[PDB]
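Enquirer: Right, I'll just put the structure down here and ask away after.
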Amino acid sequence: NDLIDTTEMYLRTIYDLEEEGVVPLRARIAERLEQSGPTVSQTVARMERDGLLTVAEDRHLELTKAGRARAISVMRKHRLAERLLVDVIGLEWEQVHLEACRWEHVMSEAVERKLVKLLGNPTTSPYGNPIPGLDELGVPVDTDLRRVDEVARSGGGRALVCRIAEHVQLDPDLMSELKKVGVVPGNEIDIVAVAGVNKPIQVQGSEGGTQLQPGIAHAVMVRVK
Amino acid sequence: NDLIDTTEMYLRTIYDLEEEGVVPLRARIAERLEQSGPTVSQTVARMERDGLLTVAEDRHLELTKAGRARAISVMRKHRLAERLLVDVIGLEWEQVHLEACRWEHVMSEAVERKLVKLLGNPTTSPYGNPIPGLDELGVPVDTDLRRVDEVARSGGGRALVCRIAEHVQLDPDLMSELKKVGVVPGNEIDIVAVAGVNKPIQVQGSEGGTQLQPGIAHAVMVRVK
Amino acid sequence: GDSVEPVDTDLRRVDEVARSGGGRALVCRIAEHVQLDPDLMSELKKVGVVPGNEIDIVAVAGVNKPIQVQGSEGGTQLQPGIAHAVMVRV
Amino acid sequence: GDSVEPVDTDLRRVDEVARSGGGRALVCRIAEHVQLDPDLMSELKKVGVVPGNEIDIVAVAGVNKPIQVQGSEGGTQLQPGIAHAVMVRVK
Amino acid sequence: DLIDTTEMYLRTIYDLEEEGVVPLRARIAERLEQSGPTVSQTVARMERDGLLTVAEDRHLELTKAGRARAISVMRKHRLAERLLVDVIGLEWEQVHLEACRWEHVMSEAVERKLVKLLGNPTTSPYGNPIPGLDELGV
Amino acid sequence: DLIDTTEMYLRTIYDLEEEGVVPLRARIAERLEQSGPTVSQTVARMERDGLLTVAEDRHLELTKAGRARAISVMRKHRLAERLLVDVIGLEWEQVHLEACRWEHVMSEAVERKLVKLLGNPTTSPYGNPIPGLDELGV
DNA sequence: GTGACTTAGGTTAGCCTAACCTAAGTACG
DNA sequence: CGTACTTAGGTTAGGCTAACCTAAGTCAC
Ligand SMILES: [Co+2]
Ligand SMILES: [Co+2]
Ligand SMILES: [Co+2]
Ligand SMILES: [Co+2]
Ligand SMILES: [Co+2]
Ligand SMILES: [Co+2]
Ligand SMILES: [Co+2]
Ligand SMILES: [Co+2]
């Protein structure tokens, strides 16, 4: 699959991992962008050379000031594009991320400002993800939010769906399933209890239930009632 | 197409070009070893990093003392292998270079010394090429030699075949033709006259005649009567 | 293909209208080549060389001569390449 | 596969001959594993553990014990891995 | 810079055919600001892949496949321009430079949604007809 | 170092079969002085390429294709040893280390010439039978 | 509890195409 | 004699597989 811009996608993959509370290693970029170990290390070396990140002693990737600024810029464009596609153009909910994944690379700051006004200063994507770096475009606590997997291991119960991470949005067939049964932002779900890590978590939405994989359940954030 | 050892073949290709009186550019290595421009520049940069050669301002490749020593080492193994294959094993004349092209990468100095004694201190390959670096292994002006192309342009005439360059030996079907019509070391040929450059030279041997391409004719050295 | 071969055959290029002895014409198309120059597109908007507006094409003689046009809010000089890339109906 | 399963079924390993109560035997094969150690091969040549030579295999008891061998030009101790990799015909 | 080299070479040849200019490699070099050798090489790569042919007089002729892709990119370009002017309200002069990038990333799924939103437009905001609406199914 | 990783893994498995040892990945690691992960990964590549299979009891079984290649490398090896000892006169102890590299570059054309020169040998200088002489045509 | 093997995340060497460049030629009308 | 294009020899970005590594697990007699 074509990344359109390699540098921007590497930066945004590091941002995604930080948002999901996962350590940003080159091994993560390899499995997510589906590129070889040698390819990722070489591309990270060019970005380190250009001064957009640094590799720590424990191998974890750290964004520079320029790197973080660029990552936020790309993510802002992504989630503004997703808003436009849902609210105005009316592209189907499951296909919006894929489209926005390409648009984030071609959108100017000029258009971003026009979109902020057209969309009424949106603060979240259609998947509940906060839109960052609005300060440079001329414009909640998030502590109470817990991961579906961590809730299930801790006892389970009822909770309100708040965020679906970028990682989850890549699979349109899954996003079609989540919409069908009703695991969407602003809907209540019942999270069945499990014991230990790497266990498929069961959830019961408004129009039925389904099974989330450990990496999918970890990516969905909720507020327990 | 497997080189067995990339470094050794790059070193030997630069040596070959120096013997044929051609400027050793990366463009030449790309043509001869059939590798991409980007591949050749990267491999030359690794050999430069390890102090086996340097790239000049006019971008011609210059061997270091360690580089020249290694190049001579490989060529010595090559031409001692060709001698063994012809004189002792009796591998067909046209197939010997291709075999020696692999053997030059796996032969020890220990075996080279044993081969010198078995072959009676050979000074030339079966194709009339001087065997270098025999001083390191414990053991003729040839200014009168001229290139078949340079003889043809200058008038032509009769001459004794002395050397066939490594470049020519890579084509077995050509070496089969040269053998039959009798354009081999120690045989007389009549080089027909041509005008200008980049023109196929006609030659009449002991058992008929054939046509040599400009790069083939430039690679065959002779002594004119 | 209305793009390459216009359905309305009466469509003509500004430079051809100029060379043929000028005329009042309705601006219809501004080709992609013209749009690449933003400063020029601003000038075309200001004087009113935009689709839907009538313009006056001044008569010209020769090739590689700037074509003079008059819009609602004044006039401007088009380069031959630019004038060739603007189509009108007379 | 004379390599894997010998046609001469009488062929036996030095370690197995030792454990069975020694015997005089003709050296036949030295496996590729033995040849990897050049210093060992020098010692085998010196004392005469080479194909086409008779050797005396000293009786041994237990596993992972050095096998004592006597050649025409003296004797040496083979490691169990080495002794396993040398094949002979008894007498 | 160009986002997609192939699509921009195809759309540049389409532009020259709309302007009634002879589509030569020299014309592409000028308009995309690339050296003659670059354009000759990229055109050769596009000829190899079956997107165009170099005629006896050296004019670039799009193939069936080349024209299909050229129409696809131009359709996306002119629908993007309408959205940028009619809905988003980007300045009339800046729109083309934006749509010039958007034309390379827009799916046919978005195009069909844009056709509904904009009320079946036949032209761009600069009066240029939108081709290949047949191929969308609208 | 190994010159050809695939051929050295195949010949190492053939060696263990000749010694009547169980061919395990742990055995290859010891003898070629490589880490367990390296040997598991390389064996997996050779399994993917159809040169061997890992049995239920984790012992490495050469395929029809794998055995043919192993026989070919061993035949080259032992003919090289005979040439090195009988003709060239390299010292009895250094010969194997030389033939260990030669086995990877020798053509079947040379093998047939060596068979004539050495007078149809059935064994190496170390008494080990020469396999796959049928396959040469001799 | 040692031996065999897996999991996880790297490395260098040695290949590739696409897509840009300059300098210095040729072919033409 | 300027326009169009070729020849020749590069460049960086962005991909790949093969074949090596260490550290820290699991699994099984
Ligand atoms: Co998204
Ligand atoms: Co993206
Ligand atoms: Co040769
Ligand atoms: Co070679
Ligand atoms: Co436009
Ligand atoms: Co574009
Ligand atoms: Co051996
Ligand atoms: Co070997």
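Naming works like this for the structure tokens: A, B, ... for the chains as they're shown, residue 1 at the start of each chain, ligands 1 onward in shown order.
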Which residues, written as JSON, numbers by chain, have at least one atom at most 10 Å from residue 72 in chain A, with only C-alpha atoms (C1' of nucleotides) counted and residues fewer than 2 positions away on the same chain left out?
Expert: {"A": [11, 12, 15, 67, 68, 69, 70, 74, 75, 76, 77, 78, 131, 132, 133, 134]}
Enquirer: Any chance you can output those residues with N, CA, C and O atoms as a short mmCIF file (atom, residue, chain, number, x, y, z; two decimals), in the first residue's frame?
Expert:
```
data_model
loop_
_atom_site.label_atom_id
_atom_site.label_comp_id
_atom_site.auth_asym_id
_atom_site.auth_seq_id
_atom_site.Cartn_x
_atom_site.Cartn_y
_atom_site.Cartn_z
N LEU A 11 6.28 9.57 11.43
CA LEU A 11 5.99 10.54 12.52
C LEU A 11 4.62 10.24 13.13
O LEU A 11 4.52 10.22 14.37
N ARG A 12 3.60 10.02 12.29
CA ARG A 12 2.19 9.85 12.74
C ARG A 12 2.02 8.48 13.41
O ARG A 12 1.16 8.37 14.30
N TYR A 15 3.30 8.94 16.93
CA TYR A 15 2.24 9.71 17.64
C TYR A 15 1.12 8.75 18.07
O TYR A 15 0.73 8.78 19.26
N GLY A 67 9.97 17.48 15.00
CA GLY A 67 9.29 16.19 14.79
C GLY A 67 7.88 16.20 15.34
O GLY A 67 6.95 15.83 14.60
N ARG A 68 7.73 16.61 16.61
CA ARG A 68 6.42 16.70 17.32
C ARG A 68 5.52 17.71 16.60
O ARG A 68 4.34 17.39 16.38
N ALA A 69 6.07 18.87 16.24
CA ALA A 69 5.36 19.95 15.51
C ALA A 69 4.81 19.40 14.19
O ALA A 69 3.64 19.71 13.86
N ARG A 70 5.62 18.61 13.47
CA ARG A 70 5.27 18.02 12.15
C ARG A 70 4.23 16.92 12.33
O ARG A 70 3.29 16.86 11.51
N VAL A 74 0.31 16.90 10.82
CA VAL A 74 -0.25 15.79 9.99
C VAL A 74 -1.53 15.24 10.63
O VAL A 74 -2.50 15.01 9.90
N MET A 75 -1.52 15.04 11.96
CA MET A 75 -2.67 14.49 12.72
C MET A 75 -3.84 15.47 12.69
O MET A 75 -5.00 15.01 12.57
N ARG A 76 -3.57 16.78 12.80
CA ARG A 76 -4.59 17.85 12.73
C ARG A 76 -5.31 17.77 11.37
O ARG A 76 -6.55 17.75 11.36
N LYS A 77 -4.53 17.71 10.28
CA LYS A 77 -5.02 17.58 8.88
C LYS A 77 -5.88 16.32 8.75
O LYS A 77 -6.95 16.40 8.12
N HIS A 78 -5.42 15.20 9.33
CA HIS A 78 -6.11 13.88 9.30
C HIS A 78 -7.53 14.02 9.86
O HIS A 78 -8.48 13.65 9.16
N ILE A 131 -8.40 16.66 18.37
CA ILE A 131 -7.67 17.33 17.25
C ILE A 131 -6.63 18.26 17.85
O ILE A 131 -6.98 19.26 18.47
N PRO A 132 -5.32 17.94 17.73
CA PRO A 132 -4.26 18.75 18.34
C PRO A 132 -3.76 19.90 17.45
O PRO A 132 -4.17 19.98 16.31
N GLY A 133 -2.89 20.75 18.01
CA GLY A 133 -2.17 21.83 17.31
C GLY A 133 -3.08 22.87 16.69
O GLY A 133 -2.67 23.49 15.69
N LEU A 134 -4.28 23.08 17.26
CA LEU A 134 -5.24 24.11 16.78
C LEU A 134 -4.74 25.51 17.15
O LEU A 134 -5.22 26.49 16.54
#
```
Enquirer: Can you list every residue in chain F that DSSP puts in helix (DSSP H, G or I), as number ranges by chain?
Expert: F: 5-18, 25-31, 36-48, 64-88, 95-102, 108-117, 133-136
Enquirer: Selection from above, C-alpha atoms, as a compact mmCIF listing (two decimals), in the first residue's frame, can you write it?
Expert:
```txt
# COMPACT_ATOMS: atom_id res chain seq x y z
CA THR F 5 24.93 -20.95 3.86
CA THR F 6 22.32 -23.31 2.21
CA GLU F 7 24.97 -25.82 0.90
CA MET F 8 26.86 -25.88 4.29
CA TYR F 9 23.56 -26.57 6.21
CA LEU F 10 22.72 -29.40 3.71
CA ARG F 11 26.26 -30.94 3.93
CA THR F 12 26.26 -30.55 7.79
CA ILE F 13 22.95 -32.56 7.95
CA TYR F 14 24.52 -35.16 5.53
CA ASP F 15 27.64 -35.32 7.84
CA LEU F 16 25.45 -36.08 10.94
CA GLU F 17 23.59 -38.84 8.95
CA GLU F 18 27.03 -40.38 7.99
CA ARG F 25 19.24 -27.57 14.78
CA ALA F 26 21.33 -27.59 18.05
CA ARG F 27 23.92 -29.85 16.23
CA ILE F 28 24.20 -27.35 13.28
CA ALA F 29 24.65 -24.39 15.74
CA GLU F 30 27.64 -26.18 17.46
CA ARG F 31 29.43 -27.27 14.22
CA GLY F 36 20.21 -21.09 17.91
CA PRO F 37 17.93 -18.32 16.47
CA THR F 38 20.15 -18.02 13.30
CA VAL F 39 19.93 -21.84 12.70
CA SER F 40 16.11 -21.97 13.37
CA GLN F 41 15.61 -19.01 10.92
CA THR F 42 17.90 -20.46 8.16
CA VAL F 43 16.31 -23.98 8.58
CA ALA F 44 12.83 -22.27 8.24
CA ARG F 45 14.00 -20.59 4.94
CA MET F 46 15.28 -24.00 3.65
CA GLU F 47 11.91 -25.57 4.75
CA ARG F 48 10.03 -22.74 2.88
CA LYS F 64 14.35 -35.26 -2.55
CA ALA F 65 15.60 -31.79 -3.75
CA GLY F 66 17.66 -31.24 -0.53
CA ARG F 67 19.40 -34.67 -0.70
CA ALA F 68 20.22 -34.18 -4.45
CA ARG F 69 21.90 -30.81 -3.55
CA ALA F 70 23.67 -32.30 -0.44
CA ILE F 71 25.02 -35.26 -2.57
CA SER F 72 26.22 -32.74 -5.26
CA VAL F 73 28.18 -30.61 -2.66
CA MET F 74 29.74 -33.74 -0.97
CA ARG F 75 30.76 -35.23 -4.39
CA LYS F 76 32.49 -31.90 -5.31
CA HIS F 77 34.10 -31.79 -1.79
CA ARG F 78 35.65 -35.33 -1.96
CA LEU F 79 36.85 -34.98 -5.64
CA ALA F 80 38.49 -31.62 -4.64
CA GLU F 81 40.25 -33.45 -1.70
CA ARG F 82 41.59 -36.18 -4.10
CA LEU F 83 42.91 -33.47 -6.53
CA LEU F 84 44.42 -31.49 -3.57
CA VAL F 85 46.24 -34.64 -2.18
CA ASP F 86 47.05 -36.81 -5.28
CA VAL F 87 47.91 -34.00 -7.84
CA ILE F 88 48.49 -30.55 -6.15
CA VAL F 95 43.12 -30.34 2.50
CA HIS F 96 39.55 -30.54 3.99
CA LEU F 97 39.51 -26.77 4.95
CA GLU F 98 40.45 -25.98 1.28
CA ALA F 99 37.88 -28.46 -0.20
CA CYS F 100 35.30 -26.97 2.19
CA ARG F 101 35.43 -23.77 0.12
CA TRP F 102 36.07 -25.42 -3.34
CA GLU F 108 29.93 -30.66 -12.93
CA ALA F 109 32.09 -30.11 -16.11
CA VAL F 110 35.25 -29.99 -13.86
CA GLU F 111 33.98 -32.96 -11.72
CA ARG F 112 33.84 -35.17 -14.90
CA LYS F 113 37.40 -34.00 -15.87
CA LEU F 114 38.61 -34.75 -12.26
CA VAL F 115 37.00 -38.28 -12.46
CA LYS F 116 39.10 -39.04 -15.64
CA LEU F 117 42.32 -37.42 -14.21
CA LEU F 133 28.88 -40.38 -9.33
CA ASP F 134 25.79 -41.91 -11.10
CA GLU F 135 24.44 -38.28 -11.40
CA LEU F 136 27.62 -37.10 -13.29
```
Enquirer: Could you pull out the strand (DSSP E or B) residues of chain C from DSSP and send them as a VMD selection string?
Expert: chain C and resid 12 to 13 23 to 30 54 to 57 67 to 71 74 to 78 86 to 89
Enquirer: Within 6 Å of ligand 2, which residues show up when you count only C-alpha atoms (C1' of nucleotides) and all ligand atoms? List them as a list in words, please.
Expert: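 Based on only C-alpha atoms (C1' of nucleotides) and all ligand atoms, ligand 2 is surrounded within 6 Å by residues 3, 9, 101 and 102 of chain A.
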Enquirer: If you count only C-alpha atoms (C1' of nucleotides), which residues fall within 8 Å of residue 167 in chain B, apart from same-chain ones fewer than 3 positions away, as a list in words?
Expert: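 Those residues are residues 16, 170, 216 and 219 of chain B.
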Enquirer: Would you write out those residues with C-alpha atoms, as a tab-separated table (two decimals), in the first residue's frame?
Expert:
```
chain	number	residue	atom	x	y	z
B	16	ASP	CA	40.83	-5.31	-15.79
B	170	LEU	CA	33.25	-13.90	-20.48
B	216	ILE	CA	36.56	-6.77	-28.40
B	219	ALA	CA	40.81	-5.93	-25.74
```
Enquirer: Can you write out as a tab-separated table which residues of chain C fall within 9 Å of ligand 5, alongside each residue's closest atom pair and its distance in Å to one decimal, counting only C-alpha atoms and all ligand atoms and ordering rows by chain and ascending residue number?
Expert:
```
residue	atom	partner	partner_atom_place_in_ligand_line	distance
C:30	CA	ligand 5	1 (Co)	8.8
C:31	CA	ligand 5	1 (Co)	7.4
C:32	CA	ligand 5	1 (Co)	4.7
C:33	CA	ligand 5	1 (Co)	8.1
C:34	CA	ligand 5	1 (Co)	8.7
C:35	CA	ligand 5	1 (Co)	6.0
C:36	CA	ligand 5	1 (Co)	7.8
```
